[PDB]
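Need a 3D model of the sequence below.
(chains A, B, C and D, ligands or ions: 8)
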Amino acid sequence: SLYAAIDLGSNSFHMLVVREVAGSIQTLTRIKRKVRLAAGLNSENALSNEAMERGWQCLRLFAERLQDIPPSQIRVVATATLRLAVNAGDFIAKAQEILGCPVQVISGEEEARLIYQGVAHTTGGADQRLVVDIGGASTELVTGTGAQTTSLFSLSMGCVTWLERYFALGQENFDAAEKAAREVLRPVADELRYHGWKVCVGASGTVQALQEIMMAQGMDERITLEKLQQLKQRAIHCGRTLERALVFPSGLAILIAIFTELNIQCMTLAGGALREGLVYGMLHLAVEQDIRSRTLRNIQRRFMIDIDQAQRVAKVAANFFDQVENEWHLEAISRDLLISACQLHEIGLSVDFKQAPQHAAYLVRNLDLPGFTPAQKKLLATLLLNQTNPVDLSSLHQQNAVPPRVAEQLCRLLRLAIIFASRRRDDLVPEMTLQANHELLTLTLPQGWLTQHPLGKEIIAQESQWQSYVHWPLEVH
Amino acid sequence: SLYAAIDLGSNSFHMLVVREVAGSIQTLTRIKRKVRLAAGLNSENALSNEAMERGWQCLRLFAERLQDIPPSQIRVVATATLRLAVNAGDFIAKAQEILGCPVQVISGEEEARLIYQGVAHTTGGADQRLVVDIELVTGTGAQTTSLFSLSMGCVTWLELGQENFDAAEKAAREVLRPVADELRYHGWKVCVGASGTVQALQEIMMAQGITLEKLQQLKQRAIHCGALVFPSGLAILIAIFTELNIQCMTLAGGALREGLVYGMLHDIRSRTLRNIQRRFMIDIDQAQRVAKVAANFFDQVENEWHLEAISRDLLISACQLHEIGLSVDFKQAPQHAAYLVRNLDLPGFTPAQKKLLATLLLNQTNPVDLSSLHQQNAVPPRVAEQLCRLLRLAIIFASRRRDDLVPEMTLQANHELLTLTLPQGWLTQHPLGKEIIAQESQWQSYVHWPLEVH
Amino acid sequence: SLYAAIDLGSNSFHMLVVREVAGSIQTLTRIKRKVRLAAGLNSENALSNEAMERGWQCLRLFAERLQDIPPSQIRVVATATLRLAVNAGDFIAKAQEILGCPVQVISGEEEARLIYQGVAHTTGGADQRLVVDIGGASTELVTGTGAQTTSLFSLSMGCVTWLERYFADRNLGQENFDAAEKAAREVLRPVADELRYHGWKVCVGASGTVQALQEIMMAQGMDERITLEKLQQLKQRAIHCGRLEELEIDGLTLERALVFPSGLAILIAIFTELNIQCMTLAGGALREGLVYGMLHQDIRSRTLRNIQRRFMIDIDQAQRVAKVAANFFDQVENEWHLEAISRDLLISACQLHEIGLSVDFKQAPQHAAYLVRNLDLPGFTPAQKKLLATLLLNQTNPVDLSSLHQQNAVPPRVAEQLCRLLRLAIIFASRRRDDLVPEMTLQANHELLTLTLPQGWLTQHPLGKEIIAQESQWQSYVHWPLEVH
Amino acid sequence: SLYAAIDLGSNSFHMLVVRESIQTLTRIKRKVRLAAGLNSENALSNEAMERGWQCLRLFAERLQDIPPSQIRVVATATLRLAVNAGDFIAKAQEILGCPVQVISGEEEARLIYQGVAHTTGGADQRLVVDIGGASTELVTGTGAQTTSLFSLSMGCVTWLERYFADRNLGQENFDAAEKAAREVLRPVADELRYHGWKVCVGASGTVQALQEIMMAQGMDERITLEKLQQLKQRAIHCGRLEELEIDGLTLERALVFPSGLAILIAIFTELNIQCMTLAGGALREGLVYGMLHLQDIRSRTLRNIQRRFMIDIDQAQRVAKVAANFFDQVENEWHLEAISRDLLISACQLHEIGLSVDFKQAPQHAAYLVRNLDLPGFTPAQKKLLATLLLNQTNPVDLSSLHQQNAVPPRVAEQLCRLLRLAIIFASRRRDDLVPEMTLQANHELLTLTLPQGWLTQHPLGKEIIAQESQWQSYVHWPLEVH
Ligand SMILES: [Cl-]
Ligand SMILES: [Cl-]
Ligand SMILES: [Cl-]
Ligand SMILES: [Cl-]
Ligand SMILES: [Cl-]
Ligand SMILES: [Cl-]
Ligand SMILES: [Cl-]
Ligand SMILES: [Cl-]
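Numbers count the residues shown, from 1 in each chain, chains lettered A, B, ... in the order given. Ligands and ions are numbered 1, 2, ... in the order given. I have put the structure below:
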């Protein structure tokens, strides 16, 4: 059965259809039609006939998409413009006759709660987080732990209104909007660093925008203060994406104000926003301790991945990681990437046994993996591509999620792990010592294990050979 | 659960591990190890001990790969070489302690029986069929009517100017001339080949872009030249062809080891199709919904377009899988769909047929790529287009996912013109539909498919 | 003007046509036609008029290709099969007049001498070398230094003869291998002392068996270095297949496979008797030998210079950048444990790094790689050629590790290090004047480079500063830490 | 040696550095904003004064080792106006080791015409349109002597302000600009139209947006007002300005694209312009060729390239000889006009370029070189077809690439390709005295070639190569008979 969320906003009407798969949800259609509803709104604070007719025609099309979707599974909501129209009930009234179902105007705060609920369902990392959505109407800031909102503030700052207001681009023109936006940030520095966060995550177009310029210029996806300073000092350089660009400097001035005010170290892009909030709310899902686990679990059902074999390889790889962790100085996100790889590593077998690593990497590049950044997906995919056969460093280093040396190391851990869990018995997995000395791995097998496992011996000899072609010394006794 | 078939042959030991998932089985490993058992015979019909050592060493590896498989789901068998050895009992004895389980020596007829069961459970096409292994068999629907072992084999004939070819050919036609009689009586709708040799030939068929025409024209790719076993196997078959008056040969999707697996288990196409839907969580009501529309469309245009019942079933198959790309992701679903179909093993469809499903699926929407429709051998180019059209339009009018919301339509074909008639007023009441149908119209026309809809 | 070389061989007639461009050679046509002349030999060693007909007909084509080239600039040679056939004098005379020129039967020794000349003009590395060429009927071993042979031998063993004696019954077992190797050691043994006396710094090989090895190793993902270990692994593989007709080795083509076991056996026997540590594939052979003699020390440098001439590369800029690169290498060669091979490859990159400019400035790295990838570069192996190309592809802009690492020639970490030196070296030659290159020190601390500039040099050059800053960013996106003040 | 050219604009400073025929080494644009130092009384402020100076010290570090004799600097736009400008120009002159001169807009337009005149192919009798962001230059001329010259007041940036005070491509704000610009050049209009031109070429941003839009959308390369208004209609249908998108348009382009789209179609109408190719040079190129003190471009290009890649020139003429003769014998039957004769000869002069890389896959190398080389006197479309002819000079034909070009119709790309293969083959002996006498006759898709009596029988390798060439053509349905 189908679920739908419609967001009637300022410039565009957004409709996201979606479908229930096992205990999951996948996008079916995701649609945006440019109504220009805030443009038809005059100095009497009412909305011109032309804009309400534009908006209504759009919804006549959306209405065609909702037929025999039970309205229990639909939620339509509206935002700033329809919040502040003196007209609004005239539009909403016909809107609800066109669609077969209610329109709910929502407070700027209920938009924030919804947005949070949307990143919370779609974002990996720590439960304690601080969400930043810089929109044109309101720039919300919310703190929370695992789907409970501790603080929730919808503050009135636009990328449009900090734009027109303070830009008719100086190094000091940001300066105005900066302190301007900092005045609103001045009271809540108290309560936002009160509850704090261990991870910071952005949600909307200006955030999305910055993500895409970093991607474009060759940086990773970590938004740091020093990277926005490449811009601000190059942002009086020009001095005065197409649509994104126009509204960019104000949003950028707001972000460079928020990083400095709150001493946010790092921001990365949420995988969720309002429309996901609405449609996850309708799912009635117990909220998970770790989102990535739900994702992996659902993919495993969908593609009938053998879970016991999956779990067995994760255990071996986790054990190997822990034993080389100090010598290789691996951090924890690498461990979760490695395990996540192991949970998915046989998905290529869904398609066919022969070229399964090719199939694995195809599926993982292209699957929607909530809880995983785009950069992390590619890393997982290329790890899966290199799970066996001659190492292909060319395709391995097609990732930017972890440092290259570390990509190689997680590759090595995954390849070995698959080999020593390969018998598909939880009692056939031997006791082993793994010791790393710089680029050397030494694996100590149970005495007599090799001479007693002639297929194991063959496979480890081959693996040693392959790692050596790529100058990874492997010694297994 | 996981099942294994092992075939102890003369030259090689073969293994097949298979997993039973949803409505069928999928291959896990398919392994061949060269033990050269036959080479260790001394003319006293005894096996060298070095040969026994090789075979036991190969089994030691197989046996490691088979732990967590229970003996009742394994079948190990042994072909002619261990049939003729006074030694055999000694090898088989250590082998059964190495493996977890018994080794069953089997007669050639029984091997031909099991082989045939293997082609039966894995091969699309009709029921009655004539199998050729360079051992020939006829049967209908998993029941072997006739059976054979003839006086030719792979290596046997070898020991290319037209002399040396027809030195094999007519001497092969000699071998099969007296036995070719009782065959035509039993009859065959479909002629198939199971041996690897046949696969020498299928690789060329879908490599250049099985008939006696292409056989002689291949035999003349040989004559003009002036691989170990190939020229023998060729001369036999094109002799097996003429003397049996056989129209065309396809390749079976199974052999001995498939026979052993299915014999342990409690329309091939239908099984595959539903198997795939299960595995990739395709919405089966929607697939059926699209198929009834497309088949209904098909029926209305098939008289004008001269369409074969065979084309009908390719079209319906395409509709059964058309949403498989969505199991990956919605954005570029047509391309994931072509990817999955291209790489799945699909029992009941030839390589040309699978290649045609893929491109039908890739072109189920968006700007049409005619070249893509064209690189495929299951159907003429024009037919691939005709069925692509029906599939794209069937998908549009079923996009609601509800049986009673798909409109009553009539479809008329005048050469390349399709004329779709919707219920009166339908277009008026469906603004998004209007929009989709105009965009499809625009797309069909970029590629010279003229489409009126009323 | 044109030069041409005909090799009338046992299985094939080979032609090479060639042109003197700049100060080196450029190949125009390279032609092999199978006449299978030895196939028309008989038990009495006379050539079937069938075979002899195929031969003349080929030479009739070689002839038309040959017209309007002076006989001064042509050499036609016949080898083992035509020095066998009693019949042979008859094929020559007609062939000699089907072509416009003489057909010279050569001894196995003159065959050896031209082979060594072929390799010495095309092969980089230590110029004091051992050359092995295992042919059908004979095996040349020549010992030499930089075009001067110090010892030379043509011995009666070869893949075709050895397949017949020791692989009598078509079995690939340890029995027949042991015999084949034992006989070859006994052929070779008497000349071993003279070969070791003159010694060699590098062993390089030449014919089908060596080529089969390059193609096998390439296919299986190994480097291009032939070692005893790899030969033993192939041998155990051959023994596993057990019958010549069942030989299957990944990388081993059909027509190499027929003569592969016997050659493999001879080469292992050669590898053992002389204790060869490593054998690589020579740049050239008999037909190169024929050509370089009609033309009348460091192969790499001749190649680099000739390419610079052909593509109008600025040679002063090239040397400038190479000097900066070579000196960066030395300051860091310690901490990064870098060998002499790397230094040469780094410098060679520097000599060619600007060759993409000869196409156009916008995409010049992309063009440089295309040119280097596809150019013939005598003195460089295909693995080295591909490395150079990829250092050039990455000489500027955001580092692309994916393209950097499709390279087999150095170890992966060394490919990066060399790349980093090439990028910096280029940056500090950017103004194209030897006087304008600062005094610098570069210390390497594991993955981090520290570069110290003359006092306030950064403050004085707002461009150099700007670029350097960009290069430290580029390096940082790949996690190469670079400090410059 | 190396030459430099610096252009001091109100918006940006522009460098062009070149090695000597000549080739670009660096092409630089720095952002200055000298228009924002000009106040109400029209003197230049000391904020931007330092900015352009800070920019000039970067250009300065680049231009050492270039003697000032081989440098040329000019200042335009904002620098004329400002009464303060002399102050700037003075310290700028100290920063660079060389003089800066202030040039007018009409001298600006002469150096512009000089730029296209030395670089651009096609009829030496031309109309040049260049739309700055503020000033629009239009110049009639015949072959490096200019018949007429104009610099008007309209530009992308200006028309984005005055006649575009929002983001609505609705015809009301659009056609006010298509008028107020059309009346701007309506006074000068008549003197251009009677001076006349055989060809119209353009050189500003607006014109590069169209060349790019056209190669991306697969159209042929002549810009028409009909083509201009498929983009007007896929502009108009785009509602607001920020929402604008078409195939082949880029970041900085669409920024001011619509305001220039109006100006070009206004120039297209009032002047009644039939089509437009993209000019090969401009102001900075003018400056550069003024320092070189140097007949027809293409032949100058072909020589230069043949020298860089050491192409055997004799063999190149020898092949172009045969292909010329083959062209003339099929010329009437096949609808072959001189434009596409030159293209055949140009392909021949270069046909051996890939051999400068390596002989094995030379055709593939020749296409790569020609595809990426800068070839003054050939449009992008013509270059692209030259590449594919060279790719297909031998070896099984590939039609897709032969039909991948904007230059000459998919039909003729083949007929040309056919004649090149034939000319190469019979020139293949590298000697004048060995080319055989030949007749070549076409009838629809049949070529029939008569070699001397007994030639074939007595050229087995020829006979073999010819046979293989008959098969390759037939594969692609090109019937060929030869006797
Ligand atoms: Cl794979
Ligand atoms: Cl990486
Ligand atoms: Cl077997
Ligand atoms: Cl029948
Ligand atoms: Cl030595
Ligand atoms: Cl290796
Ligand atoms: Cl050595
Ligand atoms: Cl003038």
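
Might you report the residue contacts of residue A:406?
A:328, A:330, A:334 (CB atoms under 8 Å, 6 or more residues apart in numbering or on different chains). C-betas here are computed from N, CA, C, even on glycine.

switch to 10 Å and redo it
If a contact means CB atoms under 10 Å, 6 or more residues apart in numbering or on different chains, then residue A:406 has A:328-331, A:333-334, A:337-338, A:379, C:479 as its contacts.

now the residues you listed in JSON lines, with secondary structure?
JSON lines is the format used below for the contacts of residue A:406 (DSSP: H, G, I helix; E, B strand; the rest coil):
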{"residue": "A:328", "secondary structure": "helix"}
{"residue": "A:329", "secondary structure": "coil"}
{"residue": "A:330", "secondary structure": "coil"}
{"residue": "A:331", "secondary structure": "coil"}
{"residue": "A:333", "secondary structure": "helix"}
{"residue": "A:334", "secondary structure": "helix"}
{"residue": "A:337", "secondary structure": "helix"}
{"residue": "A:338", "secondary structure": "helix"}
{"residue": "A:379", "secondary structure": "helix"}
{"residue": "C:479", "secondary structure": "coil"}
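
Just the buried ones from those?
A:328, A:330, A:334, A:337-338, A:379, C:479 (16 or more other CB atoms under 10 Å in any protein chain shown).

Tell me which residue of chain A lies closest to ligand 6.
With CB to the ion, the shortest gap between chain A and ligand 6 falls at residue A:469, namely 5.7 Å.

That residue is in contact with residue A:391, isn't it?
Yes - using CB atoms under 10 Å, residue A:469 is in contact with residue A:391, at 6.9 Å.

Apart from its neighbours in sequence, what residue is nearest the most centrally placed residue in chain A?
Centroid-nearest residue in chain A: residue A:271, 3.3 Å away (criterion: CA atoms, centre = their mean). Take residue A:271 and drop its neighbours on the chain: the residue closest to it by CB to CB, 6 or more residues apart in numbering or on different chains is residue A:122, 3.8 Å away.

how about that neighbour, what does it touch?
A:201, A:270-273, A:276-277, A:280, A:291, A:295, A:368, A:370-372.

let's go with 6 Å and repeat that
A:271-272, A:276, A:370 (CB atoms under 6 Å, 6 or more residues apart in numbering or on different chains).

Most widely separated two among the residues you listed?
A:276 and A:370 (8.8 Å; CB to CB).

got the contact list for residue A:232?
Residue A:232 touches residue A:256, counting by CB under 6 Å, 6+ apart.

ditto for residue A:46
Here residue A:46 is in contact with A:86-87 (CB under 6 Å, 6+ apart).

before we move on, back to that, residue A:124 is in contact with the residue nearest to the centre of chain A, correct?
No - Residue A:271 is beyond contact range of residue A:124, at 8.2 Å (criterion: CB atoms under 6 Å).

Residue A:467 contacts residue A:474, doesn't it?
Yes - contact between residue A:467 and residue A:474 holds when scored by CB under 6 Å: they sit 4.6 Å apart.

Run the chain-centre distance for stretch A:106-122.
Remark: stretch A:106-122 is offset 16 Å from the chain centroid, using CA atoms, centre = their mean, to the nearest Å.

Check stretch A:90-98 too.
35 Å.

Run through who's touching that stretch.
Contacts for stretch A:90-98 (CB under 6 Å, 6+ apart): A:52, A:56, A:59-60, A:63, A:102-103.

please redo it, this time with the cut-off set to 10 Å
Residues contacting stretch A:90-98 (CB under 10 Å, 6+ apart): A:6, A:8, A:37, A:46-47, A:49, A:51-53, A:55-63, A:76, A:78, A:81-82, A:85, A:88-89, A:101-105.

Then stretch A:441-451?
A:320, A:323-324, A:327-328, A:409, A:412-413, A:416, A:419-420, A:430-436, A:452-453, A:456-458, A:460-461, A:463-464, A:467, A:472-477.

Can you pull the residues that touch both of residue A:276 and residue A:370?
Contacts common to residue A:276 and residue A:370, judged by CB under 10 Å, 6+ apart, are A:25, A:121-122.

filter those down to the ones near ligand 2?
Filtering the shared contacts of residue A:276 and residue A:370 for proximity to ligand 2 by CB under 5 Å from the ion leaves nothing.

Dump those residues to a markdown table, plus distance to ligand 6.
A markdown table is the format used below for the shared contacts of residue A:276 and residue A:370 (distance: CB to the ion, whole Å):
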| residue | distance to ligand 6 |
| --- | --- |
| A:25 | 49 |
| A:121 | 49 |
| A:122 | 46 |
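
Which of those residues sits closest to ligand 3?
Nearest member of the shared contacts of residue A:276 and residue A:370 to ligand 3, counting by CB to the ion, is residue A:25, at 51.4 Å.

If I follow the layout properly, residue A:456 ends up in contact with residue A:423?
Yes - the criterion here is CB under 10 Å, and residue A:456 meets it with residue A:423 at 8.1 Å.

Report the set of residues contacting both of these two.
With CB under 10 Å, 6+ apart as the test, residue A:456 and residue A:423 both reach A:430, B:64.

What residues does the stretch 151-300 of chain A have near chain D?
Within the stretch 151-300 of chain A, the positions adjacent to chain D are A:234, A:236-247 by CB under 10 Å from any CB of the partner chain.

cutoff 7 Å now
A:237-239, A:242-243, A:246 (CB under 7 Å from any CB of the partner chain).

before we move on, what about the stretch 1-150 of chain A?
Counting by CB under 7 Å from any CB, the stretch 1-150 of chain A sits next to chain D at residue A:34.

Would you point out which residue of the stretch 1-150 of chain A is nearest ligand 2?
residue A:124 (20.0 Å).

who's in contact with the residue of the stretch 201-350 of chain A found nearest ligand 3?
Ligand 3 sits closest to residue A:349 of the stretch 201-350 of chain A, with a gap of 27.5 Å, by CB to the ion. By CB atoms under 7 Å, 6 or more residues apart in numbering or on different chains, residue A:349 lies in contact with residue A:356.

Show me what from chain A comes close to chain C.
A:218-219, A:390, A:393-394, A:397-398, A:403-404, A:469-471.

Now cross-check the residues you listed against ligand 7 and list the overlap.
Applying CB under 5 Å from the ion to the residues of chain A next to chain C, none is adjacent to ligand 7.

Looking at these, which is nearest chain D?
residue A:218 (17.1 Å; CB to the nearest CB).

check contacts around the residue of chain A found nearest ligand 3.
Closest residue of chain A to ligand 3, CB to the ion: residue A:455 (20.5 Å). Contact partners of residue A:455, counting by CB under 7 Å, 6+ apart, are B:61, B:64-65.

repeat that with 10 Å
Residue A:455 touches A:422-423, B:60-65, counting by CB under 10 Å, 6+ apart.

before we move on, what about residue A:414?
A:313, A:316-317, A:320-321, A:337-339, A:341-342, A:345, A:383-384, A:386-388.

How is chain A partitioned into domains?
Chain A is divided into the following domains under curated CATH domains: A:1-106, A:107-286, A:287-477.

ends of the longest one, how far apart?
Right, the one you point to is domain A:287-477. 46 Å (CA to CA, to the nearest Å).

can you tell if that domain touches ligand 1?
Yes - looking at domain A:287-477 against ligand 1 by CB under 5 Å from the ion, the contacts come from A:355, A:357-358.

any bit of that domain sitting next to ligand 2?
Yes - Domain A:287-477 is in contact with ligand 2 by CB under 5 Å from the ion, via A:397, A:399, A:404, A:407.

For those, work out which two are farthest apart.
So, the residues of domain A:287-477 next to ligand 2 by CB to CB: farthest apart are A:399 and A:404, at 8.4 Å.

Residue A:119 - nearest residue in space that isn't next to it in sequence?
residue A:270 (3.9 Å).

quick revisit: go through the buried ones among the contacts of residue A:406 and name the one nearest ligand 1.
residue A:379 (18.0 Å).

Quick check, that closest one in contact with residue A:403.
No - taking CB under 10 Å as the definition, residue A:379 is not a contact partner of residue A:403, at 11.0 Å.

Which neighbours do the two have in common?
Joint contacts of residue A:379 and residue A:403 (CB under 10 Å, 6+ apart) are residue A:334.
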